[PDB]
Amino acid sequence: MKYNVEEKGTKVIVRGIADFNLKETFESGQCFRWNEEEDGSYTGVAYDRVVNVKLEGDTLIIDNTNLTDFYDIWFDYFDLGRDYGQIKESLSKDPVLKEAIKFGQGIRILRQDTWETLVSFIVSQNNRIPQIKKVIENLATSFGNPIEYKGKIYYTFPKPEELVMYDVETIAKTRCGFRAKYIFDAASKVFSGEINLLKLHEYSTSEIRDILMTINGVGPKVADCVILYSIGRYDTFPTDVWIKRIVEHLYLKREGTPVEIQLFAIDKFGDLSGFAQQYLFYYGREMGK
């Protein structure tokens, strides 16, 4: 992907943007901390930074950042290096995905922080999106570090070291419920060095699954989401109830277990299963099931 990048004032401008849409990306069910501003731009808190992203045609405007942070953080965050046009063309050979793609032509898989993704999807279990978004912002406000942008105070996502000194009940004050003990166990295990997140990409996909599932409250799904949305292993297909029913209704025309639904997609899509999972998800929400 070829872009013309320039620093201009307190913002960074990227021209030559393709296969990208803010609304579609931030509402594909992968992230939770990005919110729409009145002009249609999005403000979010990731990697201990607060930025506003705005897309005007093929021009991206990232406010409150510098050329150092753009290449070090945001280039890889929005996965700008990858060609989604080739991915869309390849997947479109299946007629079901072609129909799914036309509704989400701008979905890109974000490369989010390992720790935030882990805790975010620990919170996601048996939980609707609006509540997940609320609990995460509670954790941020309660235990995060304050940063300001345009007069308003925003909060970073709490690190493991910033969570270990609190009891379960204190964590439970974020309205997370029974999930509090899982967050407490997750924070304890990373803080002790018992689970290394920086070196986690060195292991195979199956090894990573096993490493993360050692944390109480992390099963296959949470582990899969961390693997896809944070590690960037795209040959995975994280199966939630929604995608199960989407793959059921549109392909097999029967009913299935999360295991066989998963093995059907990885077989059919291969190294592009993660992208396919995104197009079907947003298409699933667009059709209303």
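Numbering starts at 1 and runs along the sequence shown.
Between 161 to 169 and 131 to 139, the higher mean Cα B-factor belongs to 161 to 169. Averaged over CA atoms, B-factors in the entry run higher in 259 to 267 than in the other of 259 to 267 and 228 to 236.
The entry lists C-alpha B-factors for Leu80, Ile109, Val123, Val96, and the highest of these is at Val96. For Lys221, the recorded CA temperature factor ranks within the lowest third of the chain's modelled residues. For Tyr251, the recorded CA B-factor ranks within the highest third of the chain. Only modelled residues enter the ranking. In the deposited entry, the Cα temperature factor of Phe70 sits in the middle third of values across the chain's modelled residues. For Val119, the recorded CA temperature factor ranks within the lowest third of the chain's modelled residues. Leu22: CA B factor in the lowest third of modelled residues in this chain (values from the PDB entry).
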